[PDB]
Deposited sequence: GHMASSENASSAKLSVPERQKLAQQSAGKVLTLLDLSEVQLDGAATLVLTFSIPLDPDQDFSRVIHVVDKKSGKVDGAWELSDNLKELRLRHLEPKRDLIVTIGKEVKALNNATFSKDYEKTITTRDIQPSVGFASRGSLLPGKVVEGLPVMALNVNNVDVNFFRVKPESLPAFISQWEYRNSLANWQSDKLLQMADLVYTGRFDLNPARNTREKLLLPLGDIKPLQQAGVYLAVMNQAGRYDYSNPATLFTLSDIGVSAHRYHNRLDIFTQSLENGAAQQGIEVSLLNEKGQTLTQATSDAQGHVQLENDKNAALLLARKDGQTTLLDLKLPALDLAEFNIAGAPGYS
């Protein structure tokens, strides 16, 4: 097959490197021509940790057959790679001699955090929060329900970037979540909240990861909203056609207090949704947020 194009070409080891493949540090050996897939690579290529010995895992040839990979490397480790003479190519080429190569794997630090700062998008329930983790098996998380009256002030502070700046909210839940990402694999995971009843009550919540551990921490706080009010804003020249509709059945929602707030969370204008769940306002160059509320339910919409 590919053996015909590489016929007459020598087998050369072009490179030895560490690359991030999927979410894990991977050892890559790049060869000049396609390698034979039927050979036992563990018999001809040895990877040995200077202190702990024989590195576990099997070699994986790339689809192009010129790269040989060994995934999920341990960080900050000294490795001896011995490429034996008898490594065979598709065209039957071999090396002239053994090669010995060293590599110190990258010092990648344990890291955990939320996938994002969150969204103002409302939900009827909160099933899970997406998180990401590398060699952080568990995390302690504090959940705060923002006081209904403190919300425009709270959200305006949050949207602009804080120890006592949290008495705008009430602690409603503390839990330890066992992530256990696969060793040396940066994984996308979920904090399951579905069965935590206090996080299923209407409101805007802030989830905060405990700040105790020598980790990167990326996004330690995230925001989520539990609301029945679905808000949509349509812009045409200077007009805002705002529709408030139920997240349960899509029906028009009447009597919803809709406000346009500035960057300080101050009301610029206010109106009530009609029988068709409609609110028509002029655009305000200072409007940063749209706020919709009724009977303890609150939805925010970013106009920026």
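Engineer: Need the unmodelled segments of the deposited chain, numbered from 1, in order.
Structural biologist: No C-alpha coordinates exist for 1-20, 182-188, 332-349.
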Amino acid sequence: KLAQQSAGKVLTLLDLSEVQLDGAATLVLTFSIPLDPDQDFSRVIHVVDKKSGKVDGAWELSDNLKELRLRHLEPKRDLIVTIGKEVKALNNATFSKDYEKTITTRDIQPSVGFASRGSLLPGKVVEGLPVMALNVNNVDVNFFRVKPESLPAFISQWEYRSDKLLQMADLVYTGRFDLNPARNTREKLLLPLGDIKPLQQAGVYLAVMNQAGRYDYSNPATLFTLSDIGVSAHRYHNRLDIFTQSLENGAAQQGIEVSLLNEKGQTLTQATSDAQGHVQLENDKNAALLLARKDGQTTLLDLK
From here on, numbers count along this sequence of modelled residues.
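Engineer: Which of the two stretches, 224-232 or 162-170, shows the higher mean Cα temperature factor in the record?
Structural biologist: Stretch with the higher mean C-alpha B-factor: 162-170.
Engineer: Which has the higher mean CA temperature factor in the PDB entry, 242-250 or 56-64?
Structural biologist: The deposited B-factors put 56-64 ahead on the C-alpha mean.
Engineer: Just the C-alpha B-factor column, please: which of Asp274, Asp40, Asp49, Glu257 has the biggest number?
Structural biologist: Max CA B-factor in the entry, restricted to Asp274, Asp40, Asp49, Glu257: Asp40.
Engineer: From the list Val81, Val204, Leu193, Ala212, select the residue with the highest C-alpha B factor recorded in the entry.
Structural biologist: Top of the list by C-alpha B-factor: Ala212.
Engineer: Considering only modelled residues of the same chain, in which third does the CA B-factor of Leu303 rank: lowest, middle or highest?
Structural biologist: For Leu303, whose C-alpha B-factor we compare with every modelled residue in the chain, the answer is the middle third.
Engineer: Comparing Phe143 with the other modelled residues of its chain, is its CA B-factor in the lowest, middle or highest third?
Structural biologist: It belongs to the middle third of the chain when residues are ordered by C-alpha B-factor.
Engineer: Going by the recorded CA B-factors, say which third of the chain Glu149 sits in, lowest, middle or highest.
Structural biologist: Answer is highest: the recorded C-alpha B-factor places it there.
Engineer: Sorting the chain's CA B-factors, does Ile108 end up in the lowest, middle or highest third?
Structural biologist: It belongs to the highest third of the chain when residues are ordered by C-alpha B-factor.
Engineer: Where does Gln157 sit by CA temperature factor within its chain: lowest, middle or highest third?
Structural biologist: Highest third.
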